[PDB]
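Included below are C-alpha cells for two forms of one protein chain, each presented in isolation as structure 1 and structure 2.
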Structure 1
C-alpha cells in the first residue's frame, strides 16, 4: 500500500489519496499533522465534515496547509479561492480520515503492534484494560479512549517512541456499513477484539442486523493475525464464519480457552485469576477481562505481565462501582437493553436480601430506547424474587439537553405496568435515592442504573451523608 513519507506533499496527490478534488492551484505543501481547526498549527491539514466562511478564515489565520471537507457551506469555496486556502472536496469524508490514520501511523509510529477493539458495549473498558496491561509493564502505548485518531496519535507519537497502538473503533451520524472495515484497514492491526453486538440507539435508527454487519467489517478487514471474539454473544460468535483464510479465531467465554468458571478465570484450563481476586464483579467486567487477556495473549505478552496488569486495573467511572457495602450500593452507567439486563442480573447475584433498582429515564433520547430499556428491566426482573423498582426523571440534576420529556416518562412507566412490575416513581433523583435509603435494610442491595440522569447519584449520596458508610 503506497503511503507517502516525509513532511512534504503535493496537493493534487493528497486529493487523490483522500478520493477528493483539489479546489485551487496545485503546489507542494509542508505538512504537520492532521488536526482540528481549533488546535491547528501552521502546516497542519484539517479534515472537517462542514466548513463555512469563518472556518476558511480561521484556516487562513492558522496557516493550515490544506482543508479537506465534504460540505463547503455558503460562499466558502469562493472565499477560500480568494484567501488562497487549498480546499479538497470529498464525497465520503471517512476516506480522508482513513488516509490520515494510515499516513500518521506510517510517518509517526510505523513499528508498532496494533489492536482494534469494537463492539456495542464494553469497548472502552476493554481498550482501557489492554492499554493498562501494556503501560503497567512499562511499554509505550497509545489509545484513543479517555479515562480524531490521527490527531491524537501524532500528538502522542511526537512525545514518545510508541510500541503499541490500542484503538477503539465505534459504530459511527449515519450508520456507514464500511466504517469499521475502513478504519480497521487503515490501522492494519495484529488483533481485532469484538466484545458483543447489542441493541443500542444506532441499531434502533437502523437495525441490529446492520449494526452486526458494520461491526463484522472490523473482522473482515483482517487478512492475518487474530480475531478475538466473545463466544457468549451470539452475534460475535457468528463472526467466526467471516474471518479470512489465514486469520486465527480466538474465542473467549464459556468452554473457551480463556474462560470464567468456578469463580475464577482460566487460561487453557489452568487457573489464572483466583476468585479471591474478583470480588463484587459484574458479568460485563468478567467478559471484558476475558477479552483483554485474550488480546494480550495474542500479542504474546508474558502471562505474569498480563496478570500484574489485571490485578492493578482501575476501572472507568460508573462501571458497576461499589459505593457502599452495607447496604451494597452499585452504580452502573447501563443505558441500553443489554447493559441493563447484565447490571440487574449481576446485582442480583450479589444480593443477600432485597434488590433495589433505581433507574433514571434517558431524557431527550426518544421513546423507543426508553420503552426497550423499560422492557429489558421488566423481563429481567420477572424471574427475580424480592425486589423493588424506583424510576426517576432526575429533574433536579439534569441539564436541558438531558431533560425527560412527557412522552418518554409515559412510555417508560407504561411498559413497567404492562409487565406487572411494581414501581415507585419520582421526578427528583434526590427523592428517589432518599426513599430507597430510608426504606431499605442493611443487607439489601441498591443498584443505580442510568446515563446522564444517574451520573450525579454518587455526588448526591455524599451530600446526604450515606457515603462514606
Structure 2
C-alpha cells in the first residue's frame, strides 16, 4: 500500500519501510523525502546512519521523521527526549524505494516512465532520452546530469530531486537511470536493480549491455546478467528495449512477462546502424557526418535512445532534432584537439577499452598512441582483464604505441595504483608481446607522448579517475586549446 495525501501515522510509515518506530506514535504532516542538510519542516529524512548531532539538527529543522539503519551513540534516547521520531530499518534501500513510489504517486502519477540500466552506456542513454524529450518541450525528470548520477537506493536522492521538480512542473516523463550492479562498501547489494525498477513501475526498460566490471562485487559475467536482468523481470507492462548485439541482453527477452513487448535494436533490427548511418525501418535516419568523430558506444547508445523514444511514440522527426542537438557527458570519447587528434575517453573495463581503441583506430590516419592509466585500488583482476582487452584489441593493429601510467601525481588515496596492480597490468602486456613505455606520473606520460607524436597521429587517452585530470594537465603544458 502507498498512501495519497500529506499526512501519515508514524507507525504506518514504519510499516511501509519495514522499520520499527522509536518514540510515541502520532499523525504527522509530510513534506517530501529529503536529506538532513536540505530538510524543510515536515520532511522525512532517510540517512543510513545518524548521530546525536543529526538528531538535534532534525529537531531544529522540524523534520517529521528520521529513517535510519544505524543510530550511533545515544541517538535513540536523545531523539525520544527531543520527540524526534526515529524509524529503525535493517535495509535502507526499502525506505528509499518506498520514497520513490510515494513521491511518484503523490507528485507525478500521470507520467510515462523509462528505466535505463546496463554496465556501459546507461548514463549516456538516459541523458540522450532526457534531452530528446526536453528539447521537444516536454516536461521531464531525470536523475543523471553532467555532474551527478543518483542511480541507487542507498539514499533518498531520487525521491528528493523528483519531488523538488514535480512541485514546480507538471511532469510528463520520468527518465531514470538504475544501477545494475551496486555495492554497499565491498558487498554486492543483491536485487538492487529489481527493487529500484519496481519502485518506478516503468513503461519501458532499456538495457544497454552486460559486461564485466565491478570485480569483487561480482566475479562472472553470468552474475552481471542475473543482477541486470532484475530490471527486466520488474517490468510488468510496456516494452523491453534490448541490445540485440550483446548476447546477455539478448538472453533477457526470454525473461519478459506476458504483456511486455520486446524491442530489439542492433544488427538486422528495425533500429540499426549500417553503411555509416543509422536506419529506422530501412530509412536512412542519421547520416555519417551528422555523427562526426563518434564512438561505437555513442552509436549504440543512440540506437537505444531512438528505440526507447519510439516505444514512447515520439515522432521520428522530433527524435532526430534531439539527437542532432545532443551534448555528451564528460570524457565520453571527447575530442580535445584535431592536430594531433586527441581523444579523451573514460574507458575502464574490458568492453569499454576495446570499444575506445577500435573507434579511435577508425579515425586514425598514421600512428595511434594509446595512453592508459591503471585503475588504482580496484584490484588485480580488473586491471589484468583490462590489460588483456587492450592487448588483444591492439595486436592486429598496425603502427601503434602504448604508454601506461600510474598517475601517481594526480590521483587521491582511494585511487592509488597498488604494486600488485601495476605488476599484473604490465605483466599481461608482456604476456601478449605488447611493447610499452611506463611512467609513474600522468604528466610525464602526456609530455613525452605529445613531444614524440606527429600532427597526423591520434592520441587516445583512456582511464577512469587516473585519466580524469588529463585535460587540465593538457592545458597546463599548453597543448590545449590547440
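Whichever C-alpha set is largest while still superposing within 1.5 Å between the two forms counts as the rigid core. Numbering follows the first chain given and starts at 1.
- Annotation: the position in 297, 162, 372, 247 displaced by at least 2 Å at CA between the two structures, with the core superposed, corresponds to 372.
- When two forms of a protein are overlaid on their rigid core, residues whose CA moves 2 Å or more are considered shifted, and residue 394 is one of them between the two structures.
- Shown in the overlay between the two structures, fitted on the rigid core, is a CA shift at residue 207 of 2 Å or greater.
- Fitting the two forms on the rigid core leaves the C-alpha of residue 407 displaced by at least 2 angstroms between the two structures.
- For residue 191, the displacement of the CA atom between the two structures, after superposition on the rigid core, amounts to 0.4 Å.
- Lined up on the core, residue 91 has its CA atom moved by 1.4 Å between the two structures.
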